[PDB]
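**Q** Show me the folded form of this:
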Amino acid sequence: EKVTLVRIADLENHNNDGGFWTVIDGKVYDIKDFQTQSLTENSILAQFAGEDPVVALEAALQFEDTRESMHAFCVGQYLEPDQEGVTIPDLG
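**A** Numbers count the residues shown, from 1 in each chain. Dropping the coordinates below:
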C-alpha cells in the first residue's frame, strides 16, 4: 500500500542494531536473518549455505522457487539521498 524508503543512514545504523542488511535490485534485504535460514537444514537457502549470503540472495532472486521467501527478507525499497534530491533533464 505504501513504499518503505530505506536510506544509507538506516543501512549503516541498523547493522549496529544487530540487523545486517544489503542493497540489491533497488531493495533492502535482511542478510542477518537470511544466513540464519541458510544455516537451517530443509530451508531453501541451506543449498546456498556454502555461498556468501549476499551472493546467495542474488541466486535466490534469480530462482523462481526461492524468490518467494525473498518477500520475507525485503524490509523495503532503497532510495538514495541524492536520487530524489536532483532534477534530471531528459538527456539519459
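
**Q** Only C-alpha atoms from now on, for both contacts and neighbour counts.
**A** Fine.

**Q** Is residue 28 in a helix, a strand, or coil?
**A** For residue 28, the secondary structure call by DSSP: H, G, I helix; E, B strand; the rest coil comes out as strand.

**Q** quick one: it from residue 76, how far?
**A** 6 Å (C-alpha to C-alpha, to the nearest Å).

**Q** so what sits against both of these two?
**A** residue 6 (C-alpha atoms under 8 Å, 6 or more residues apart in numbering).

**Q** okay, these two: which has more neighbours?
**A** Set residue 28 next to residue 76 and count neighbours by other C-alpha atoms under 10 Å: residue 28 wins out with 22 against 18.

**Q** Give the closest residue to the most centrally placed residue in the chain in space, chain neighbours not counted.
**A** The residue lying closest to the centre of the chain (C-alpha atoms, centre = their mean) is residue 29, at 2.1 Å. Excluding its sequence neighbours, the residue lying closest to residue 29 (C-alpha to C-alpha, 6 or more residues apart in numbering) is residue 74, at 4.3 Å.

**Q** Surely the one you found and residue 26 touch.
**A** No. Residue 74 is beyond contact range of residue 26, at 10.5 Å (criterion: C-alpha atoms under 8 Å).

**Q** the more surrounded of the two?
**A** residue 74 (18 against 11).

**Q** For that one, give me its contacts.
**A** Residue 74 makes contact with 27-30, according to C-alpha under 8 Å, 6+ apart.
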